[PDB]
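Under the deposited numbering, the residues of the sequence shown are numbered 1 to 101, in order. Before any comments, here is the structure.
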Amino acid sequence: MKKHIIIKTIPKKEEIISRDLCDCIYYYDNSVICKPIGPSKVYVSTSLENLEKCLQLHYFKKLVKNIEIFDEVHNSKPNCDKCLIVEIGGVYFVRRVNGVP
Numbered sequence: 001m002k003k004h005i006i007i008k009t010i011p012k013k014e015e016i017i018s019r020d021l022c023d024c025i026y027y028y029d030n031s032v033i034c035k036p037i038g039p040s041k042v043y044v045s046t047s048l049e050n051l052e053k054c055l056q057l058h059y060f061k062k063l064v065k066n067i068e069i070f071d072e073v074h075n076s077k078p079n080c081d082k083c084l085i086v087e088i089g090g091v092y093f094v095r096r097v098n099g100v101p
């Protein structure tokens, strides 16, 4: 299942990391999307397993500090309350709280 992942990178390398991660993941998932999204942050949409196959290569291990996994992305303010909403670019990432009816 696709997730909406924010990767924290070292400073100044967002654009190259986005480009190179998309060229690595394409083999596993021809539908991947990547973009640089803020200072020290890259967006990727793919399954977590496909991301990790690439993030464990030597080249990416050096450049990536952490990741944050979200369930949804919206271009307008989301309407949920029982959730975490993070705005990066002018894009809204949502992580839902489990067990809400």
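Just so you know, even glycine gets a beta-carbon here, dropped at the ideal spot from N, CA and C.
request  = Kindly indicate the opening and closing residues of the alpha helix (DSSP H) around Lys61.
outcome  = Walking along the sequence shown from the start, residue 61 turns up at place 61. Going by DSSP, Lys61 is part of the alpha helix (DSSP H) stretching over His58 to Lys61.
query = Bridge partners of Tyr43, per DSSP?
reply = One-based indexing of the sequence shown puts residue 43 at position 43. Beta-bridge partners assigned by DSSP to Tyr43: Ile6 and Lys35.
ask   = Mapping DSSP to helix, strand and coil, what is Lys53?
value = Here residue 53 refers to the residue found at position 53 of the sequence shown. Residue state, collapsed to three classes: helix.
key: Length of the line joining the Cα atoms of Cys34 and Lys3   = Indexing the sequence shown from 1 puts residue 34 at position 34. Indexing the sequence shown from 1 puts residue 3 at position 3. Cα-Cα distance, rounded: 12 Å.
task = Compare the Cα-Cα distances from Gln56 to each of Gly90, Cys24 and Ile16 and report the closest residue.
result = For the purposes of this step, residue 56 is taken as residue 56 along the sequence shown, with counting starting at 1. Taking only the C-alpha atoms, the option nearest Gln56 is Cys24.
ask   = In whole angstroms, what is the alpha-carbon distance linking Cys22 and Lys61?
value = Taking the first residue of the sequence shown as position 1, residue 22 is located at position 22. Taking the first residue of the sequence shown as position 1, residue 61 is located at position 61. One C-alpha to the other measures close to 15 Å.
Cα-Cα separation, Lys41 to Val86 = Taking the sequence shown and counting its residues from 1, the one referred to as residue 41 is at position 41. Taking the sequence shown and counting its residues from 1, the one referred to as residue 86 is at position 86. Cα-Cα distance, rounded: 13 Å.
C-alpha gap between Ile7 and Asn50, whole angstroms = Position 7 of the sequence shown holds residue 7. Position 50 of the sequence shown holds residue 50. Rounded to the nearest whole angstrom, the CA to CA distance from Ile7 to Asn50 is 14 Å.
key: Limits of the unbroken alpha helix (DSSP H) element including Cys22   = Along the sequence shown, read from residue 1 onward, the residue named residue 22 stands at position 22. Counting along the chain, the alpha helix (DSSP H) containing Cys22 begins and ends at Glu14 to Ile25.
query = Exposed or buried, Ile5, counting other C-beta atoms within 10 Å across all chains shown (16 or more means buried)?
reply = By one-based count along the sequence shown, residue 5 stands at place 5. For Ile5, the number of other beta carbons within 10 angstroms of its own is at least 16, and it is reported as buried.
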